[PDB]
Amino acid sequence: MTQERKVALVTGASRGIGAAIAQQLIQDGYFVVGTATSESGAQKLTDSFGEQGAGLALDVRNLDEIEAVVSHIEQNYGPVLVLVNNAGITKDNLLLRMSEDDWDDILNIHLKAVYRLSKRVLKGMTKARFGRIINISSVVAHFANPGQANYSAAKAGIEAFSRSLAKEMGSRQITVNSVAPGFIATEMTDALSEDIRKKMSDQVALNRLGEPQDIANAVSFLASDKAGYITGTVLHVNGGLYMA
């Protein structure tokens, strides 16, 4: 077999925003490698992507796994020319109850992972004189939320990292951007009550929660030639929940 499409890597593609991003990038014409934290989840991704992608197990907290996954992609499918850092979790707590592990795990899964994966894909993107690094941030990197000091610090750090890397890599036509979702309908919000979803949508100028596909549409735009002169920015997709 042959693999002639440009390769996109989407971390945490099992569901919701990550799944929508991965499927959209497939529709756009990429060969998409998506990751999950378990081999079973990776196999589910393989099944969903069919012959235009692949699922791989990855814990983004571990440098050896990051390096092994990117090496596998390079050896089997091609250079990673679109990297979407989407994998994440939250470990919320007011600071007085935020443990060392609460802090470290979130910083490692979000910010350190962005540093490690971006560094690891630079050589191939430089070689191609083409690259897209698209980091999933959050509205709370801008509009502070009590109980999420770790998550907010990590996402804001990601945005500043992205500015630095955009400056370092711009001459090679590699763009580095962040997408900041607002209130997006996921399993989590599905689990909330109707009244609380209404409280949330009342804060949104467009008067509704967003959908994973809205984030996918933003990522797809940034990954395309239609955004070749956009780098070092935050693309806010929050329905007017936060305006800058």
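Sequential numbering from 1, following the sequence displayed.
Coverage remark for residue 52: absent from the model in at least one third of the other entries compared whose chains are built on both sides. When the other compared entries with both flanking residues are checked, residue 191 is unmodelled in at least a third. As the entry records it, the average C-alpha temperature factor is higher for 144-152, out of 111-119 and 144-152. Remark: stretch with higher mean C-alpha B factor among 59-67 and 187-195 is 187-195. Of the residues listed, 159, 92, 101, 74, the entry assigns the biggest Cα temperature factor to 101. Residue-level inspection of the entry shows that, of 134, 128, 166, 80, 128 has the top Cα B-factor. The PDB entry assigns residue 28 a C-alpha temperature factor belonging to the lowest third of its chain's modelled residues. Ranked within its chain, residue 14 lands in the highest third, by CA B factor from the PDB record.
Annotation for residue 243: C-alpha temperature factor in the middle third relative to the rest of the modelled chain, per the entry. In the deposited entry, the Cα temperature factor of residue 233 places it in the lowest third of its chain's modelled residues. Ranked against the other modelled residues of its chain, the C-alpha B-factor of residue 214 as given in the entry falls in the lowest third.
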